[PDB]
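So you can see what is in the structure, the chains are spelled out below.
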Protein chains: 2
Amino acid sequence: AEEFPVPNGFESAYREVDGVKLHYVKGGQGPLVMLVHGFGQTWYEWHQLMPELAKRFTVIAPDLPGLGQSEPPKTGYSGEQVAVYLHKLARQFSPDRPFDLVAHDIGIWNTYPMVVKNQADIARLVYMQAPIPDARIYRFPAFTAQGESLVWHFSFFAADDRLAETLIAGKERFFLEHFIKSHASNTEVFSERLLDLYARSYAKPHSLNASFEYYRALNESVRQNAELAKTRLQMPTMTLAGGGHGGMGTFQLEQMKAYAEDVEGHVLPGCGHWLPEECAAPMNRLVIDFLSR
Amino acid sequence: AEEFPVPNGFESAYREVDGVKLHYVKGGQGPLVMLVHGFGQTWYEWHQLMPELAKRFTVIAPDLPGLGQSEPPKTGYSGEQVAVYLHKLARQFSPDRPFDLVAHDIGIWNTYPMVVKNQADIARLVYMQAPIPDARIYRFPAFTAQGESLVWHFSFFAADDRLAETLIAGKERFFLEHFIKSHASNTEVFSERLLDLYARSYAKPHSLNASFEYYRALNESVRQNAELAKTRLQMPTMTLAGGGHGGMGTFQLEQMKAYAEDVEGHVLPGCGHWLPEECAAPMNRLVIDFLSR
Ligand SMILES: *[C@H](C/C=C\CC)[C@H](O)C/C=C\C/C=C\C/C=C\C/C=C\CCC(=O)O
Ligand SMILES: *[C@H](C/C=C\CC)[C@H](O)C/C=C\C/C=C\C/C=C\C/C=C\CCC(=O)O
């Protein structure tokens, strides 16, 4: 049984990494690129970009531990702990060469530590629509004069006594449509059919809980990154952000400049958080062009 | 039936104000003091203060429109609209002399406009544990280095799609215990029975919705207060705030200094947000002494 349709020419498979069975979808030939999804979604957010990349790269899209069809982590949900699983997974398929990395939303949180600790393994890096966890997140406002705070879900999801799982259980499809559309500019791409697929996956009880454990570990991840960030990233990096409702605008690039020596950034107008779906054509073009250099 | 026990010597009653049937509890003799409750609670949060105050004053504690046993407003939930109902209710009982006002949490939001517009009607003012809605609220951080913030509920409650009602329905007692304890220093003062009573009141579907409509109107109240605040408050004012977890500390007095010419403030160590319950004895003493001068 597959939660999402595999593109033609790709395989759905599993690999045990440090005692955790990870699900992934893989296709193509050539140097490896790993695509890492974020909250509310799975490998499937990449399914339009994957066939295009697979024309010249080997492409792997895993499900984050506990999400999609991947088992929960055995160590923990902090960025440094999860990053181990993803780094070892990639190195099973690229043991002798650097690989490229694309990450969205908490995919950034779950990859930054292995990038900074294994810089020679990362050829090129693309990050979109999430802050790297650091002290900047403690200044984001809870409440805005216009639109909506992009950030109040940090506290909701991190609240103790399983607040979020307890309130959302039984209402998963409702909640997912609300939080996806509230963070989108081009809401019309989120058909009821597509929302059904995403909701069915994260409504699995262990996946609902896993989703929020990433936020419960966020303060730990901030403390981890305070040490890791004493070394800047050296490899070519590109940031993408939406310029519309739900987009991070100029923050994505401006923060990355503190972390990276070689970075270019783009803000996609009329696009919110969910760039692969809201703005597939320009986003795919930017990623393919950047990795094809 | 009554949702909460009425103290001896007090009456539970109703008055029509602008076509809206308001519930209140009233007792005592002498000049009028109106006590206005906040979110999650009803008139009952004042039940320990009321018998003491009624030795020197006529005391009235209404349920906010839509909450407790009061009918929802027929105009709207912004501060200026709700303050009309509370001002006219007070004037029914004190038509010939100014009255005192004590307000907690969103009771502040729902009274500040009628105080500033009807200053000759207000003898003395006591405000505790909430910002006056203004641009200062756009600074409060969404997330803290210790976990969930005190203010992310602004955005949870203001969200559309009836987000809060939909997620909290069926879990009203669970959610109320969470937000009471997350804003408390002294959780021991909240019996399981007291939490049961508050939860059963705000779980009423029109009351659960009314609770969050105050927040859906918050930005409108900010915009209203931007104009109203061009007129400073001239009556004697006291602020109170908790010094412990859940307390606003020095913010309460420091903001009030920008609104009021004649203000004194106290911060109560060992107390959080729920001052009438967490710190009943010192809070009652400070209020009684301030109003008795
Ligand atoms: C995934 C969000 C997906 C769905 C929400 C339910 C991650 O949790 C969050 C990723 C991105 C948004 C988070 C924070 C936004 C980052 C910066 C805020 C924008 C400008 C900052 C302005 C300032 O300095 O205050
Ligand atoms: C009622 C809060 C009641 C229940 C919480 C669901 C109002 O919505 C909020 C009023 C007071 C809540 C207490 C503290 C937060 C309010 C303002 C923040 C002021 C200063 C910052 C202090 C801090 O965050 O440490």
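Below: a short report on this structure.

## Considering the interface of chain B and chain A
Right, on to step 1. At the interface, 33 residues of chain B touch 31 residues of chain A.
Right, on to step 2. For the pair chain B and chain A, the two sides together bury roughly 2,800 Å², of which 69% comes from carbon and sulfur.
Right, on to step 3. For chain B, the biggest contributors to the area lost against chain A are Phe143, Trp152 and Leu167 of chain B; these three give 26% of the whole.
Right, on to step 4. Here chain B and chain A share zero salt bridges between them.
Right, on to step 5. Taken together, chain B and chain A are joined by twelve residue pairs in polar contact.
Right, on to step 6. Among the elements of the structure, β7 (143–144), β8 (147–148), α5 (153–158), α6 (163–168), α7 (172–182) and α10 (218–228) of chain B are those that each provide at least two residues to the side of chain B that touches chain A.
Right, on to step 7. Its residues placed into classes, the side of chain B that touches chain A shows 20 nonpolar, eight polar and five charged.

## Details of the pairing of strand β3 (residues 32–36) of chain A
All names here are of chain A.
Right, on to step 1. The buried fraction of β3 amounts to five of the five residues, a majority that puts the element mostly inside the structure.
Right, on to step 2. Side-chain alternation along β3 places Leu32, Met34 and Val36 on one buried face and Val33 and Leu35 on a second face that is also buried.
Right, on to step 3. Bridge count between β3 and strand β4 (residues 58–62): three bridges; the pairing is parallel. For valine 33, the partnering residue across the bridge sits in β4 and is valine 59.
Right, on to step 4. When β3 meets strand β5 (residues 99–104), the two strands line up parallel, connected through four bridges. Each bridged residue has a counterpart across the sheet, and for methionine 34 the counterpart in β5 is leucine 101.

## As for the relation of the copies chain B and chain A
Right, on to step 1. With an RMSD of 0.5 Å, the operation that places chain B on chain A is a rotation of 178° combined with a shift of 0.0 Å along the axis. The transformation relating the two chain copies, once decomposed into turn and shift, fits a two-fold axis. Ranked by how close their C-alpha atoms come to the rotation axis, the residues of chain B are headed by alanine 142 of chain B, at 1.8 Å.
Right, on to step 2. The residues that chain B uses at the interface reappear at the interface of chain A in 91% of cases, marking a shared surface.

## Let's talk about the site of ligand 2
All names here are of chain B.
Right, on to step 1. Around ligand 2, 17 residues are found, and the nearest of them are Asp105, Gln129, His153, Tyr215 and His273.
Right, on to step 2. Note that an oxygen atom of ligand 2 is positioned 2.8 Å from one of the side-chain N or O atoms of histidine 153.
Right, on to step 3. Between an oxygen atom of ligand 2 and a side-chain N or O atom of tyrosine 215, the distance comes to 2.6 Å.
Right, on to step 4. Surface burial for ligand 2 is 85%, taken as the share of its 650 Å² of free accessible area covered by protein chains.

## Here's the deal with the site of ligand 1
Residue and element names in this part refer to chain A.
Right, on to step 1. Looking at ligand 1, there are 16 residues lining it, with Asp105, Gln129, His153, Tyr215 and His273 nearest.
Right, on to step 2. Contacts to ligand 1 include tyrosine 215, whose side-chain N or O atom sits 2.7 Å from an oxygen atom.
Right, on to step 3. Burial of ligand 1 by the protein chains amounts to 83% of its free accessible area of 670 Å².
Right, on to step 4. Of the residues in the shell around ligand 1, the class split is eleven nonpolar, four polar and one charged.

## With respect to the sheet that holds strand β6 (residues 122–128) of chain B
Residue and element names in this part refer to chain B.
Right, on to step 1. If you walk across this open sheet you meet the eight strands as β1-β2-β4-β3-β5-β6-β9-β10, and the pairing is mixed. Only two strands of the sheet have a single partner each, and these edge strands are β1 (11–17) and β10 (263–268). Going across the sheet, the axis of each strand differs from the next one's by a mean of 20°, ignoring polarity.
Right, on to step 2. Sheet topology note: the strand β9 (residues 237–242)/β10 ladder contains six bridges and is parallel. Bridging from a neighbouring strand, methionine 238 pairs with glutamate 264 of β10.
Right, on to step 3. Helix α2 (residues 79–93) rests against β1, β2 (20–28), β3 (32–36), β4 (58–62) and β5 (99–104) of the sheet, and its axis sits at about 115° to β1.
Right, on to step 4. Against the sheet, helix α13 (residues 280–292) makes contact with β3, β5, β6, β9 and β10, and its axis sits at roughly 160° relative to β6, the strand it touches most.

## Re the packing of aromatic side chains
The relation between two aromatic rings is expressed through the spacing of the ring centres and the mutual angle of the planes.
Right, on to step 1. This structure, assessed with the given rule, holds 59 aromatic pairs over all chains.
Right, on to step 2. Ring geometry for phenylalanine 156 of chain A versus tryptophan 152 of chain B: centroids 5.5 Å apart, planes at 25°, classification stacked. Of this pair, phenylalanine 156 of chain A sits in helix α5 (residues 153–158) while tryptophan 152 of chain B sits in the loop between β8 and α5, placing the two residues on different chains. Across this residue pair, the class does not change: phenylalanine 156 of chain A and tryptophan 152 of chain B are buried.
Right, on to step 3. With a centroid separation of 6.4 Å and an interplanar angle of 35°, the aromatic rings of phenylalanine 179 of chain B and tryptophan 274 of chain B are classed as tilted.

## As for the state of the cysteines
All names here are of chain A.
Right, on to step 1. A complete count under the given rule lists two disulfides over all chains for this structure.
Right, on to step 2. Two residues, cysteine 271 and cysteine 279, share a disulfide whose sulfurs are 2.0 Å apart. With the S-S dihedral at roughly -105°, the linkage between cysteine 271 and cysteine 279 falls on the left-handed side.
Right, on to step 3. Residue classification places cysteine 271 among the buried residues on the basis of a relative accessible area of 2%.

## Here we look at the packing of helix α2 (residues 79–93) of chain A against helix α10 (residues 218–228) of chain A
Residue and element names in this part refer to chain A.
Right, on to step 1. Put simply, α2 and α10 touch, their axes get as near as 8 Å, and they point 75° apart. Judged by the angle between their axes, α2 and α10 are roughly perpendicular. Residue-level contacts link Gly79, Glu80 and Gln81 of α2 to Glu220, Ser221, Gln224 and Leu228 of α10.
Right, on to step 2. When its residues are assigned to classes, the contact of α2 with α10 shows one nonpolar, four polar and two charged.

## What about the environment of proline 72 of chain A?
Residues and elements named next belong to chain A.
Right, on to step 1. Tracing the chain through its elements places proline 72 in the loop between β4 and α2.
Right, on to step 2. In the structure, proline 72 is positioned 69 residues away from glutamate 3 in sequence and 17 Å away in space, judged by C-alpha atoms.
Right, on to step 3. In contact with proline 72, not counting residues within four places along its chain, are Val20, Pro65, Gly66, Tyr77 and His206.

## Comments concerning the pairing of β4 of chain A
Residue and element names in this part refer to chain A.
Right, on to step 1. Counting buried residues along β4, five of its five residues qualify, which places the element largely inside the surrounding structure.
Right, on to step 2. Neither face of β4 is left uncovered, since the one carrying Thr58, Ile60 and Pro62 and the one carrying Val59 and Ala61 both have all their residues buried.
Right, on to step 3. The pairing of strand β2 (residues 20–28) with β4 spans five bridges and is classified as antiparallel. Within the sheet, the bridge partner assigned to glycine 28 lies in β4 and is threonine 58.

## Some remarks on the pattern of salt bridges
Right, on to step 1. A full pass over the atoms with the stated rule returns 36 salt bridges over all chains.
Right, on to step 2. The closest approach of N and O atoms between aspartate 134 of chain A and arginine 136 of chain A, which form a salt bridge, is 2.7 Å.
Right, on to step 3. We classify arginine 136 of chain A as partly exposed; its relative accessible area is 34%.
Right, on to step 4. Of the charged contacts, one joins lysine 230 of chain B and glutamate 227 of chain B as a salt bridge, the two residues approaching to 2.8 Å between their closest N and O atoms.

Rules used throughout
Residues numbered from 1 in each chain as written, not as in the entry; some residues may be left out. Chains lettered and ligands numbered in written order. Heavy atoms only, no water. Contact = heavy atoms within 4.5 Å. Buried area = accessible area lost by both parts, 1.4 Å probe. Salt bridge = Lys/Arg side-chain N within 4 Å of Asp/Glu carboxyl O. Polar contact = N/O pair within 3.5 Å; in protein donor to acceptor, adjacent residues only side chain to side chain. Helix = DSSP H or I, 4+ residues; strand = E, 2+ residues; numbered from the N terminus. Nonpolar A, V, L, I, M, F, W, Y, C, P; charged D, E, K, R; others polar. Buried < 20%, exposed > 50% of the residue type's maximum accessible area, 1.4 Å probe, protein only. Pairing = 2+ DSSP bridges. Least-squares fit on C-alpha atoms. Near = heavy atom within 4 Å. Areas by Shrake-Rupley, 256 points an atom, 1.4 Å probe, with all protein chains shown as cover. Axes fitted to C-alpha atoms, helices over the stretch in contact; angles between N-to-C directions. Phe/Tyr/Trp six-rings, centres within 6.5 Å; stacked < 30°, edge-to-face > 60°. Disulfide = S-S within 2.5 Å. Parallel < 35°, antiparallel > 145°, perpendicular 65-115°, else oblique.

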